[PDB]
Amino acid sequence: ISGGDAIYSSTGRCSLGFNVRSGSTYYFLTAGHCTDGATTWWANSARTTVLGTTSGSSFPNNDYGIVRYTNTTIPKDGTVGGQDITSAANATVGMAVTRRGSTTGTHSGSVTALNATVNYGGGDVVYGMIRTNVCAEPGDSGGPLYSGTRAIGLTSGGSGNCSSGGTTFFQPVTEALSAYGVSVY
């Protein structure tokens, strides 16, 4: 299982952001909006391959969550699709980024702005977000935003679509790494 792949909660489907860990404990990161109110995660629609359970959730205000892996056999690739990730960095305006989601696959573009505030309504406001010209569609939540071998962010949301084009915002991955003490591999 890698970044960009589907993940299933009792409520719907998201995307695995990045495979991370602390010591010998592995977790995965995804969107806070996916982890809020979800307990267990499964690797498939049938809900048979159990992945693990929610250890943390930060949404709204931020948009990151973490899931402690409980499946011992599932391979936990430290990649985004075939793509290896070695470190993490902070987005910069003009940075070329790539997103991978479980509905859309891989789409490229660049960072158009930093620290954007996005209001999803009903007090769901998030802040400190990476703005990009990359499209994303339902199902893509929590996917990875990378730049070559660097982890940059987690798909939070936005507007438009992949056919007509759109705007997507990403939550910096470093904030999430630091909140939980985990590191990418």
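One-based numbering along the sequence shown.
The stretch 38 to 46 shows the higher mean C-alpha B-factor when 129 to 137 is compared against 38 to 46 in the entry.
Set 94 to 102 against 70 to 78 and average the Cα temperature factors; 70 to 78 ends up higher. Out of 160, 60, 56, 144, it is 160 whose C-alpha atom has the highest B-factor in the PDB entry. When the C-alpha B-factors of 52, 122, 153, 32 are read from the PDB record, the largest value belongs to 122. Ranked by C-alpha B-factor against the other modelled residues of its chain, residue 83 falls in the highest third. Per the deposited record, the Cα B-factor of residue 64 falls in the lowest third when ranked against the other modelled residues of its chain. The entry lists a Cα temperature factor for residue 112 that places it in the middle third of the chain's modelled residues. The deposited CA B-factor of residue 171 belongs to the middle third of values across its chain. Sort the chain's modelled residues by C-alpha temperature factor and residue 24 lands in the highest third, per the entry.
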